[PDB]
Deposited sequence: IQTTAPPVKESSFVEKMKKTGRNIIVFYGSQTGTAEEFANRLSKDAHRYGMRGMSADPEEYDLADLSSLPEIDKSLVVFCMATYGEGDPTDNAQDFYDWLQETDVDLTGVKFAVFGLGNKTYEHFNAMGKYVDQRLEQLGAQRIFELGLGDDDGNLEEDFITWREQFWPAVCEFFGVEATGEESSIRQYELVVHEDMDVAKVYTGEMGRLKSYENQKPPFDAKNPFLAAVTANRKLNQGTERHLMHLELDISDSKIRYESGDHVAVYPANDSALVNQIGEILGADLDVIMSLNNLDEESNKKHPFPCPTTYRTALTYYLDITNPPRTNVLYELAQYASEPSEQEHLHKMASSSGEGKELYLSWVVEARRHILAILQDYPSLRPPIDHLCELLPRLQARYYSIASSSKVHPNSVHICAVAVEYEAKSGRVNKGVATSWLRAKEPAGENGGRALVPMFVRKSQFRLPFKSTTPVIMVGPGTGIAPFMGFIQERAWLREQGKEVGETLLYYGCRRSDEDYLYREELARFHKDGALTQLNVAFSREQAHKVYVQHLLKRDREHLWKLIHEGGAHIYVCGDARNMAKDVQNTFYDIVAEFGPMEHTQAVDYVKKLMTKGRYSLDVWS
């Protein structure tokens, strides 16, 4: 646990704030929403601040009533399996244990979730319920943002009704403002300029453990090979050297990496704006009291900022386009940008089709609305931060303690915007050549793990890149057998298009099967025949034996890969197996499978 800042209420008093917005964020979405709401306060005769709950003791909520017409808002995303984001875990544990009386506290919650997940918006729902139980009063309805539809629009809709409700309750009423000031640095020592590191200046050059999110370890890429035969896609296997990093990991964990944006994209942004990207500068918070001195590590050059610190590839959110509208000299273009933030009508329709569906990134917008010429410093203040990307470690630390393996598909597709979009992290990783290519990384512990007992049967289901954590699982189960331990059945249900085209790790898997590390190697080749053959079809085929393992053997089920359709289709097949052999009705079978999840016998590692 980090050292907590002093009372946030006392800070609000000293700064004249009456609204504080906390963010439970893993990948920065909730963080940006909280900042937007904090800034909105100003437009309604109020003053707010955004804050990371992990840096404070939320028990001070009981003192919030000491400030007249005060309000606290929580923008909380859910993560893992219906769990709090890492930065909100402390707050979550407090909520569960405390008995503090929050009479007088006024609150509102906007939850960020995804309906395709088992526990939709669990964190937002919990915080909203809990604050009321503790005696606080809800000032506005709980917002349920759904990233499976369009989260940005859900926030827009909620926000548009939130402020009027707040104004009406507190009896308050409704130009561009900058949060940072530009300071150019002439003749500055190169030793004080950030060049891409995340935390402490020169932390990338002078590596000192422990290594984590704020201090990533630069791991040498010792291997990077194409796993598939065709040319339609690029599937790759990479091996990262973590020797001497003191980093520990287990099969099932994830490795996070900090990539660099495409240099050509960065160059073009500077070029179209007519800005010198090599100018060394700092963007300093006009609020000298704030803990957030800069939008990203400063001093640094715009080129470095656009390359390592800012997201320049995802579709800009509406507030960014709204603030940029002032720099568009063509009326129709200024209007289009202005209306992107609309909660209905053609403005909303245009945002959804022209920006989101077409996947237009910032450069694309600057190109298609050529009158839009914002100053580079303001643009850097508006763009969100570049996030680390997570990969399921494809190796076992029992076999490869000094190496972390990655199995990924390179992202590259034709967007409706007319250009070819490239995945930031995958394009960057793909270009890493062994012999010294370094990847800034860190390990995040997951709850995806092999059984504690070697004798417990394992059922692994992971088609495509979903096979990633299982290569580690199999390496380990094979190692255990080699160590003379008694290992239960180890079944793999894998899937790809064709055996001679994209059968990932075919050679390695054949080996494990031949040696007995893999009890069964069930592979569904989806395109070797007219009808689709998927992993769930093989599960249904083996329903009798799978039931025996689940019902009598206490087997652990693992599902990895596509969370859009495969995960649910597989889950549905398990519902059918349980229903037939229980026997029991569908409803009961569903409850049965969900109970397996709660007992740690049905684990997921699904994304996108």
{"item": "Coordinate gaps, deposited numbering", "value": "1-5, 180-183, 445-449"}
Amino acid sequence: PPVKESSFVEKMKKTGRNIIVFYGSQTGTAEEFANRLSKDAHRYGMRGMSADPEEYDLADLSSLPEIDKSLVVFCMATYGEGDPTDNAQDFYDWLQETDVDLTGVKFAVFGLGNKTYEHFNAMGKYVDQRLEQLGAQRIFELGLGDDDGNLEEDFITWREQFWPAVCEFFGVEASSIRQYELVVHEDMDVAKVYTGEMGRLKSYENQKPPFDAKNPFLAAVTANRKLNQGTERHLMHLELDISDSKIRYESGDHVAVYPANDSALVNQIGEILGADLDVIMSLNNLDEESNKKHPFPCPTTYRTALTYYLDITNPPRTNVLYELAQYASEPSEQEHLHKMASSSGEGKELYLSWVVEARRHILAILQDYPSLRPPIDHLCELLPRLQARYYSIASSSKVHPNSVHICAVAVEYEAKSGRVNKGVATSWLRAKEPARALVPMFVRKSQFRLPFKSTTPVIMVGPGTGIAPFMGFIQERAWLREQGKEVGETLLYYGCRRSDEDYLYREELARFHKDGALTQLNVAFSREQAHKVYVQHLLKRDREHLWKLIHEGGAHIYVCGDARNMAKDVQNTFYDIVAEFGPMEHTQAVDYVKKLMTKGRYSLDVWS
From here on, numbers count along this sequence of modelled residues.
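In this text, the rigid core denotes the largest set of C-alpha atoms whose superposition between the two forms falls within 1.5 Å.
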{"query": "Stretch departing more from the displayed form, 525-533 or 270-278, Cα RMS in 4 other deposited structures of this protein (core fit)", "finding": "525-533"}
{"query": "Core-aligned Cα RMS comparison in 4 other deposited structures of this protein - stretch that moves more, 393-401 or 500-508", "finding": "500-508"}
{"query": "Mean Cα B-factor comparison, 66-74 or 577-585, giving the higher one as deposited", "finding": "577-585"}
{"query": "Given 271-279 and 403-411, the range whose Cα B-factors average higher in the PDB entry", "finding": "271-279"}
{"query": "Largest Cα B-factor, entry values, listed residues 231, 395, 307, 426", "finding": "231"}
{"query": "Candidate set 189, 141, 311, 253 [ranked by C-alpha B-factor, highest]", "finding": "189"}
{"query": "Residue 20 by Cα B-factor - lowest, middle or highest third of the modelled chain", "finding": "lowest"}
{"query": "Entry-reported Cα temperature factor of residue 506, expressed as the chain third it lands in", "finding": "middle"}
{"query": "Cα B factor band for residue 547 (lowest, middle or highest third within the chain)", "finding": "middle"}
{"query": "Residue 145 - which third its CA temperature factor falls in, relative to the rest of the chain", "finding": "middle"}
{"query": "Relative C-alpha B-factor of residue 35, binned into the chain's lowest, middle or highest third", "finding": "middle"}
